[PDB]
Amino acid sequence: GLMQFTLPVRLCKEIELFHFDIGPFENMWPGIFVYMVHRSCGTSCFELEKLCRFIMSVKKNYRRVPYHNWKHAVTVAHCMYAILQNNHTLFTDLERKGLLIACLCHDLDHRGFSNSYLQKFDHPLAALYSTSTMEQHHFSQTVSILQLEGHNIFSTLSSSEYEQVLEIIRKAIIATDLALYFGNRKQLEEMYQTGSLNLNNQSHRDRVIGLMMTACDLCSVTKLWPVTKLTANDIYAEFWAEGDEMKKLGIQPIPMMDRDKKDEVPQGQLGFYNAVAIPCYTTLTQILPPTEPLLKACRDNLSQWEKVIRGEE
């Protein structure tokens, strides 16, 4: 009951900032997560024993892939933590509980391949789940782990609170399919601009949480440049392995996944900032003004990739 987690002084201070990097010491990441649950949600939100067992089961069900790994899970969760701590009064008790768990579970059992590669491979998950293939899988693995003996961290909720929290989690994990972000952001853009955006409208909160999930998922682009640059190496190690696997199916991969086109990475990152990242953080900042440091870090990183093209680095 009175067992708090504490962090060294540097981490206690820097964990509050959007641009925090969780560091290379894997054994500290469960503790960093519990710390965030406890400040975000409260020391009563979960039974510590059930939570520690849930976290360790989630970790075991992420694979040893270059980018879509346990570190990505804890990083995305930390960006959610910073969003929620900077918008105290805007979110319900169930929403703070649900979203930190959703972010931790959002890529469970990722293999390092896109929805597109699963469909071209004709993988069994593509017949089970014809759209948002990996995301429906991630949600499935989340419910499986929640149903393991001693792992139901939501057990103290009523039946309706429990259906509510699992529904928040399901929508938040599905929203991490980037294919769905384009239209979600366009709708929020129109709603903010015609002044019809209403946080008391459930369909509207759902869209805002979806954008939050995209913002947290893509938060590599919001770190200090040395972090963003080194994470891009892990991002491309996965993409280039998928490209190689496309060539094995007798399919030319898109340039993003062709290692033979490594030279054009700096121009490809610019397109992504301009088409996905900058628009994402701009709309989030319009709806939730205290998330502005994410937009400001993203712009700094865009300007660093423009410097790479000019051969200043």
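Definition used throughout: the rigid core is the maximal C-alpha set that superposes within 1.5 Å between two forms. So that there is no doubt, residue numbering starts at 1 and follows the sequence shown.
- Taken in 7 other deposited structures of this protein and fitted on the core, 139-147 and 116-124 differ in how far their Cα atoms move from the shown form, and the one that moves more is 116-124.
- The stretch that strays farther, by root mean square C-alpha distance over structures and residues in 7 other deposited structures of this protein after a rigid core fit, is 26-34, when 26-34 is set against 277-285.
- Annotation for 144-152 versus 222-230: the higher mean temperature factor (C-alpha) is found in 144-152.
- Stretches 175-183 and 155-163 differ in mean CA B factor, with 155-163 having the higher one.
- Between the residues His138, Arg170, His88, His72, it is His88 that shows the highest Cα B-factor in the PDB record.
- The residue among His78, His106, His110, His204 whose C-alpha atom has the highest B-factor in the PDB entry is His204.
- For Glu238, the recorded CA B-factor ranks within the lowest third of the chain. Only modelled residues enter the ranking.
- Ranked within its chain, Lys296 lands in the middle third, by CA B factor from the PDB record.
- Among the modelled residues of its chain, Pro279 has a C-alpha B-factor that falls in the middle third according to the deposited record.
- Ranked against the other modelled residues of its chain, the C-alpha B-factor of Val58 as given in the entry falls in the lowest third.
- Ranked within its chain, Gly42 lands in the highest third, by CA B factor from the PDB record.
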